[PDB]
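Next comes just one chain, in structure tokens: the form deposited in one PDB entry.
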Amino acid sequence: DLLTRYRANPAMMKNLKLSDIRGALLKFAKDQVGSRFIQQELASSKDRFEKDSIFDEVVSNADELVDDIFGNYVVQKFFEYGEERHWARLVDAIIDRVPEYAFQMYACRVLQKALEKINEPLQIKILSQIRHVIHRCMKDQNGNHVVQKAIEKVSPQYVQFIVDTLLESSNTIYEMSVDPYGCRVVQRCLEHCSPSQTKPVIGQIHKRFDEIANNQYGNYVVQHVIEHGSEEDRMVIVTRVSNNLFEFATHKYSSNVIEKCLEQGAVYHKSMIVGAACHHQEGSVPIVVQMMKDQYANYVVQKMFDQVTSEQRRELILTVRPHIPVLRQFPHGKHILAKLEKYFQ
């Protein structure tokens, strides 16, 4: 009834302390008002022993609190930097049900905060439970954040088991790249793993490149390869893009992949794309012109002009300079050449 009292007149118990909660800790932590009370005390208190007073109750009730809408914040308090002395004890209170906690919307925030804060030995202890559920966890609306946090905050060698999951079967990298949650995992791996680790992952992506490039999620995976891959990877992608410039530029998702080449590419990469754009193609219109008539590829043409050298832009201008009035009437064509007005003055 301490909670019921305190909820009634909060001002009347302005001298309430953490050490006063004792057995009431479970009831407080699962209450909107009471959990805000614990939290504000934990953050404002400068008494190490007041903070310690509730910790035995937090540990005793860990399982009931980690996935409570209000209690999860109370558990997270003991994973913060002022609480090292409690990390090992708190990890051990939750370690055995980590494989379930990773899928739960409140408990997974506790796992993310622990990985965010605790030392590498304890991280590895937590990862050892993730091992059991890792493939399903990567695709999960909750679990993918726990995996993303592991990749960002643990040294590369201790997440090799996550890379071998991305590589467990022929189709796994495709399956993850096209998944709305698994694709974030591929992306962090590209950002944080060693080249030893990323090289097979990028190799797998390349095998089904066209598909992944035009997927509503895979196109970000390909964009991360462009940004974080090797020179040789960029050349493979630019070479594929250049040789199918029209197909890539006219589809919704893959058109962002060309734009990404045009941003992260060296002068000689851009020259391959400008060259394909301006190629004769026998009697048909040059690809750059056709692209300007397209709903997605006109943004690609605009990005070409913004990113290439003056010498490269000169070839685009000498290729588009006849076909203009035709383009003026085409759907939104008035707008498209308006934005290119600068370069035709």
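So that there is no doubt, residue numbering starts at 1 and follows the sequence shown. For clarity, a rigid core is taken as the largest C-alpha set superposing within 1.5 Å between two forms.
The same protein has a further form, the form deposited in another entry, not shown here; the description that follows concerns it.
In a superposition on the rigid core, which residue from 203, 82, 121, 180 has a CA displacement reaching 2 Å or more between this form and the one not shown?
Correct option: 82.
Given a core-based superposition, decide whether the C-alpha of residue 338 shifts by 2 Å or more between this form and the one not shown.
No, residue 338 moves less than 2 Å.
Relative to the superposed rigid core, does residue 47 relocate between this form and the one not shown - that is, does its Cα move 2 Å or more?
Residue 47: C-alpha displaced by 2 Å or more between this form and the one not shown.
Do you see a C-alpha shift of 2 Å or more at residue 310 between this form and the one not shown, with the core held fixed?
No, because once the rigid core is superposed, the C-alpha of residue 310 moves less than 2 Å between this form and the one not shown.
Relative to what we see here, could you say if residue 58 and residue 13 have their Cα atoms closer or farther apart in the other entry, with a change of 3 Å or more?
Farther: residue 58 and residue 13 separate by 3 Å or more in the other entry.
Closer or farther: C-alpha pair residue 244/residue 283 in the other entry, relative to this form, given a change of 3 Å or more
Distance between the C-alphas of residue 244 and residue 283: shorter in the other entry, by 3 Å or more.
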